[PDB]
């Protein structure tokens, strides 16, 4: 599923993402936009390390989910990577929450640092009723 902006903002809000671990909804929106263009089916294979990023939050197979083809990988969210390719983003959100519980917080995604950190992200939630 490819979410429309405001539709996604309320979906994330209903799922408990607004201010989760101090992370605003605008920050999560900026992250998903740059990570997958709001596409839950988005996938990126990393030939260099044999891992794959799955879904709307491009969660990596090396540590967060299991796809059975990533050497010596862990499954910290305890989910099949298939779960991160569903139209329903409940499982992806549960895993995204798990990622940010670690030391780095939202900084776990290099993309967030590159395109969201210290940026004006107001634009992502404007007019969405969140």
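The residues of chain A that appear here are 19-148 by Swiss-Prot count, in order.
Structure method, as recorded: X-ray crystallography, 1.8 Å.
Backbone N, Cα and C define each Cβ position, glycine as well.
Features reported for this protein in Swiss-Prot:
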ACT_SITE  71  active site
DISULFID  24-146  disulfide bond
DISULFID  48-134  disulfide bond
DISULFID  83-99  disulfide bond
DISULFID  95-113  disulfide bond
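Here the features listed in Swiss-Prot are painted onto the structure.
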{"residue": "24", "record": "disulfide bond", "DSSP class": "helix"}
{"residue": "48", "record": "disulfide bond", "DSSP class": "helix"}
{"residue": "71", "record": "active site", "DSSP class": "strand"}
{"residue": "83", "record": "disulfide bond", "DSSP class": "coil"}
{"residue": "95", "record": "disulfide bond", "DSSP class": "coil"}
{"residue": "113", "record": "disulfide bond", "DSSP class": "helix"}
{"residue": "134", "record": "disulfide bond", "DSSP class": "coil"}
{"residue": "146", "record": "disulfide bond", "DSSP class": "coil"}
Would you list, in sequence order, the recorded positions among 24, 48, 71, 83, 134, 146 whose CA lies within 10 Å of the CA of residue 95 (disulfide bond)?
83
Please work out the number of neighbouring Cβ atoms within 10 Å of the Cβ of residue 24 (disulfide bond), leaving out its own Cβ.
16
Out of the disulfide-bonded residues 24, 83, 134, give me the one sitting nearest to residue 113 (disulfide bond) by CA distance.
83
Given the disulfide-bonded residues 24, 48, 134, 146, which lie close to residue 71 (active site), meaning Cα to Cα within 10 A?
none
For residue 99 (disulfide bond), which residues in the same chain are close in space, meaning a Cβ under 8 Å from its Cβ, but six or more apart along the sequence?
70, 72, 77, 79, 83, 84, 85
Determine the Cβ neighbour count for the residue listed as 'active site': the number of other Cβ atoms within 10 Å of its Cβ.
21
In sequence order, which residues at least six apart in the same chain have a CB under 8 Å from the CB of residue 48 (disulfide bond)?
130, 133, 134, 137, 139, 142
